[PDB]
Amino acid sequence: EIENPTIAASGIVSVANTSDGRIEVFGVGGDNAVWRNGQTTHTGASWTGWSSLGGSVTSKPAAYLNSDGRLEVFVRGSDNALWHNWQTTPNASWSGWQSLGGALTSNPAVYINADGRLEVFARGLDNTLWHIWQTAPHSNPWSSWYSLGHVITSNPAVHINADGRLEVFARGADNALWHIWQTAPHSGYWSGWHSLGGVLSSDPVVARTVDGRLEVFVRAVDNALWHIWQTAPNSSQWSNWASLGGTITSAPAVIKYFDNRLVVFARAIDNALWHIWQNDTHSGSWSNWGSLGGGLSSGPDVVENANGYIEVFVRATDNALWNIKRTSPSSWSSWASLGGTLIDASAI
């Protein structure tokens, strides 16, 4: 069996914007339960503190905002089935845990189709890519499970093309970046598999540029941040792999700045939070790596807050969730503890 390098450490929480402009974070507690924390209001003046959604889980959770404004959380259960939990009205009471069945061997990843139906992707018992979907927009019930085939050796990553076609990425048995896409938006058909090559030592992490090009970030076997991109929207042509250097020890976290420039965050060999950023959205010019310090026991996860500024979440050495955020166009916040005790329940 081709040997697959250990994937870079995952982030500690699923970070989601609510329909009322607040950050909500979902992590796994010492009791194996999903625990939640969120801003009291969109100004982010304070947080609610940790409350338990309960359950007993065996993956990193994945939260997603339905097109009717209700958050929904996906996780692999004690039984290796997919379980989910939804707000019953926006930013209100939670449903409790419902089984969607299956036999999963990775974290679940979620995206929304061009018709408002959520669709979840996970490695199945046979190590092929599996998927499942809402049968109606922002609503139960769900399909049964289907295999898209292949052999994958990482958690899958999912995004949507400029033309509304979902596209999923994973490391293959050969360590290359593999991907597959809907033939047209929720057409009922997928394209078959394409290798982008490379030798990955992390999950793929996918953004769409403001001009509509998918761009994928990975740690490679040299422990550098590498990336690769569509040459145009929906393009039949990808770039060559290009190194951004560094010695990173986490999955990269990617977000567009308020001016749409890509910014990548990762833990480095010194256990600090580091970041590197586009100088512009076309020429392909990137900055040098800048440290933001801290002592990280996980990868970062990132969201844009209601002030239009980047917020970053990590687990610290005290196993609490820590937060650092932009406070203006020209300044970072102080490191602050949001407390809690979080375990890394990442499935791979």
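All residue numbers are counted from 1 along the displayed sequence.
Mean Cα B-factor comparison, 73-81 or 240-248, giving the higher one as deposited: Stretch with the higher mean C-alpha B-factor: 240-248.
According to the deposited model, is the average Cα temperature factor higher in 299-307 or in 282-290? In the deposited entry, the stretch with the higher C-alpha B-factor mean is 282-290.
Which of these, 107, 182, 134, 234, has its C-alpha atom at the highest B-factor, as the entry lists it? Reading the PDB entry, the winner on C-alpha B-factor is 234.
Report the third (lowest, middle or highest) to which the CA temperature factor of residue 37 belongs, ranking only the modelled residues of the same chain. Middle third, going by the recorded CA B-factors of the chain.
Which third of the chain does residue 97 land in by C-alpha B-factor: lowest, middle or highest? Highest third.
Pull the Cα B-factor of residue 14 out of the PDB entry and bin it into the chain's lowest, middle or highest third. Its C-alpha B-factor belongs to the lowest third of this chain's values.
Consider only the C-alpha atoms of the modelled residues in this chain, order them by B-factor as the entry records it, and name the third containing residue 204: lowest, middle or highest. Its C-alpha B-factor belongs to the middle third of this chain's values.
Splitting the chain's C-alpha B-factors into thirds, which one does residue 90 fall into? For residue 90, the deposited C-alpha B-factor lands in the highest third.
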